[PDB]
């Protein structure tokens, strides 16, 4: 067969893909990236006894009654005020330091201001010691590890970094990706009336947007014609430019002008060039060593057909991006769902059927789960099959018609928030 299964091509790319060296970035540059160090709190949270509620800090043993407001301790006070002796209370807001001597905080809804212009308040409930008080370090202990290496940084992790005072973060960067399209029939997407035999370059803009969705820097190398020396020149510039991944579209098939596959066999080590899969078949993966520091560049000879180009990106390039970016779980999300319509599977090649999936309270069998609708015809040239497709149905090469209501595996390729 010469071609390898998709599970083996993934294992080969996984074994070659190496995590990028960590870098130091600012707080907002660290969003979305994977932590490359442990984060320890230099001080506890809260660093002082803080009030949970707005109200009055009391002595729990005094109980209900009328007491003078001996002092006020709002959020922002230094806490070094008057000691709340038994028989006295202190007004506190949320986050306000608990004055020395207070054992609990009574909610302001459980109090009543007595008198007017010397202030006295009436505690209306009997509270126990420690009520509505955040002890020192109750949320975050001092020197405790709030964030560990390998953890991806989201919005909550950014707040934890700001809580610990970390504004320069050591993370694993995103790979720089160079993208180019091959084909003498390609013209820029700005072209109006097409010439004879000309089509607009769709893969390059598609791969650019796809790499952008992976939060990687894109190096647009433009349209390259089906010329051996030209493709060799662009690849040498791409390898020496400092990129980590090179994405090529087209030129890896069986035509006598497909120079992407041979050139990758010449400049680097091609691990495979054909994969048993639907859609498509040609897919060249090579490891190129930049000749100088010394650097390894991964090359993905993606097929020229728009569907196979984007599918091979979602299955092989996306995990390579995350693995280089330091993800501990680079694999995409895989779920089980029901089929909303009958689908005929290929008898030879396991198909990655494009589908629009959604969560239903009744997936067709009385239980909540995912259901998938087919996007239509699945030819590798019909980019409309990728339109609004958020999952890839992993159909096995059985040749049988999977009726509606059967369960298949699906690779989710984007957030499916469309309820």
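Positions refer to the first chain, counted from 1. We call the rigid core the largest set of C-alpha positions that still match within 1.5 Å between the two forms.
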How do 69-77 and 159-167 compare in 4 other deposited structures of this protein: which one has C-alphas farther from this form after the rigid core is matched? 69-77
Rigid core superposition result in 4 other deposited structures of this protein, more deviant of 361-369, 33-41 by Cα: 361-369
Could you tell me whether residue 293 lacks coordinates in at least a third of the other compared entries whose models cover its neighbours on both sides? yes
For the neighbouring pair residue 195 and residue 196, the stretch of deposited sequence with no coordinates amounts to none
Our gap detector needs a label for residue 117 to residue 118. Which class matches the unmodelled residues of the deposited sequence there: none, 1 to 3, 4 to 9, or 10 or more? 1 to 3
Mean temperature factor over C-alpha atoms, higher-scoring stretch between 362-370 and 348-356: 362-370
So 396-404 or 15-23, which one's hotter by mean CA B-factor in the entry? 396-404
Pick out which of 60, 391, 50, 34 has the highest C-alpha B-factor in the PDB entry. 60
For the CA B factor values reported in this entry, which option in 329, 308, 213, 163 has the top one? 329
For the chain shown, is the CA B-factor of residue 314 in the lowest, middle or highest third of its modelled residues? lowest
Mind checking which third residue 204 falls in for C-alpha B-factor across the chain? lowest
Would you mind ranking residue 159 by its C-alpha B-factor against the rest of the chain and naming the third, lowest, middle or highest? lowest
Lowest, middle or highest third of the chain for the C-alpha temperature factor of residue 232? highest
Would the CA B-factor of residue 184 place it in the lowest, middle or highest third of its chain? lowest
